[PDB]
Structures are given as structure tokens and as C-alpha cells.
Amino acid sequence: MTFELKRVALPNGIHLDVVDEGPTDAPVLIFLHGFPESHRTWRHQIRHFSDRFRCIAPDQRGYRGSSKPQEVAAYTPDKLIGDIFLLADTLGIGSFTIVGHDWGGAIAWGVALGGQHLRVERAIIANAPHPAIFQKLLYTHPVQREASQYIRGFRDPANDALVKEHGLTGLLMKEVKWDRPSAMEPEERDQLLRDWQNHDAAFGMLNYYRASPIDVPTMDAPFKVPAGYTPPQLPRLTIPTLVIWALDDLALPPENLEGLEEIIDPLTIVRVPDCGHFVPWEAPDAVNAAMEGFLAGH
């Protein structure tokens, strides 16, 4: 399966290749993939909703044919969040629902929190931790700290020799702490294996972790918030928000949902039992069902 991509030049000097399907003046859903995927992550939802919604899905910075600057700092969270507002600007989209999975969901939380009521009318987040919650969990909760040890591997510049020899695939093969995808259609797998052979993309994709200010301690460090840690002041999220959470995601255990109710209103949580990390395509019918109910005009 293939979507037509268009190249969108942005005023920060980046271009993004993007899916743009559906009626031009329909309500907009902007879909953000995570690592190590592509605009294809939300394929099932894009095809499901593009009869009624304008569906935008970029290959984000660092991915596939989009700009792949090699410097780590080109991937700081502000830049990744900024790319989405600039993409909406360039396409003439005043307000949209932001939809994100994994890194796309982390970016989506930022987009929603910053842009709510001005640019962002609803948020849909699937298996991506909330920035008010995640850093604290890494400090306090062994389940989460253990779950996130792969990030330390992805950050280790001693692994770059392996990426240069074997593409991203070599590091994914080597990094046993990384939670691997479940069974996917052969055509989808083939595309990713081809994508992962591009050196510049492999590093751009890894740079999300390398540029992130998130602190993932070793399992040796005390399970307490450091004395000098100041929790970023965030606003509450006061746009309609759907959080979808596959319960067998080994990277992002369900503890990530604790505390969401206090900081989001109106919040809907849809737990997906017996499903791993890649929920948009591992459980597309549950995801489509959740989105249908949530997006309904009543």
C-alpha cells in the first residue's frame, strides 16, 4: 500500500514529505508517527477517516525523504513541535486535531499543550507518555526506568559504528532492551527495512532521543526525584482528549495513565488489553472504534 506524498517547504528551512488525503474544508486530523516508523504508522486510521476528515500525515524531520539534518540539536523538542505548527501554517490549516503515537505522541502532547484553543481543538494520543508524568516516573518507578533502558543504548555514540555498517537495523537487532514490533504485513516491513538503510535517516531518527532532555538513569541510581529537579510548569489540557493505551507495551507500562485525570478535561481513556506498543496498526479496529466515538458530532 502507498499514499501520495507531497513535499512541503517550511520557513525554518526544513521540508516535510506529507500525506494529505480527504476533503479540503473538512475538519482536520494531523497524524504523527513514532520511532522507527513513518507516515505509514497511522495508515489504517488515515484510510478510515479520509472520507470525512482532512487527514495530514508527515514523515517527520529525520525520516525518509523529509529533511535529515545530522546535528543532534536539530531535533530538540521545540523544533519538532514547531514543525507541526509550521506545517499547519503552510497548508493553510487554522485549527486541527492532533493525533500522535510514541515520539509523535510526545510531540502531540507538546502541540496540544501549547496550541490548545488557538490552533488545536482536540488531541488523540496513543502510547506516548505525558510530559508532566514521564520524567517523574523514570525517577520513582523501577517498572518505567527498566522499560526505558533502551534509550540509553540509542544515545550511546559507541553504537554509531554499527549503524554506519548496517543501517538502523543493526542497532535495533543489537539493542535487546528495545521493544520490537509485533507481526506486520510483509509490504509494510519491506518498506521499513528499505527506509532503515538510509544512514542519514537512521541518525536523524535516533537524534530524537539524543536531543531529548529526558533523564533516563541507570537501574543503580536511587528511586527518588533528585533534589535539584524542578518539574516544568505546564498548563492543564482543556480541549477534548482521547488517550489510547495498549496495555502490553513493554516500553510504556500502564502506570503512565496515573495522574492524567487530574490534568486533562475532558479526558477519555481507552485501554487496549492484549496489545503491544504499535497500537495504531496492531489494534486498528479498536483504535478506529475509539476515534469514531470520540470524533462523533453529537
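All residue numbers are counted from 1 along the displayed sequence.
Participant: Tell me which stretch, 171-179 or 204-212, has the higher mean Cα B-factor listed in the entry.
Facilitator: Taking the mean C-alpha B-factor of 204-212 and of 171-179, the larger value falls to 171-179.
Participant: Going by the average Cα B-factor in the PDB entry, point out whether 184-192 or 128-136 comes out higher.
Facilitator: Between 184-192 and 128-136, it is 184-192.
Participant: Which one, 74, 113, 123, 162, has the peak C-alpha temperature factor per the PDB entry?
Facilitator: Within the set 74, 113, 123, 162, 162 shows the top C-alpha B-factor.
Participant: Pick out which of 81, 106, 227, 98 has the highest C-alpha B-factor in the PDB entry.
Facilitator: The record points to 227.
Participant: Report the third (lowest, middle or highest) to which the CA temperature factor of residue 240 belongs, ranking only the modelled residues of the same chain.
Facilitator: Middle third of the chain for residue 240's C-alpha B-factor.
Participant: Taking the entry's C-alpha B-factors for this chain, is residue 36 in the lowest, middle or highest third?
Facilitator: Lowest third, going by the recorded CA B-factors of the chain.
Participant: Give the position of residue 68 by CA B-factor within its chain, expressed as the lowest, middle or highest third.
Facilitator: For residue 68, the deposited C-alpha B-factor lands in the lowest third.
Participant: Among the modelled residues of this chain, does the Cα B factor of residue 284 put it in the lowest, middle or highest third?
Facilitator: Answer is lowest: the recorded C-alpha B-factor places it there.
Participant: Please place residue 256 in the lowest, middle or highest third of its chain according to the CA B-factor in the PDB entry.
Facilitator: As the PDB entry reports it, the C-alpha B-factor of residue 256 lands in the middle third of its chain.
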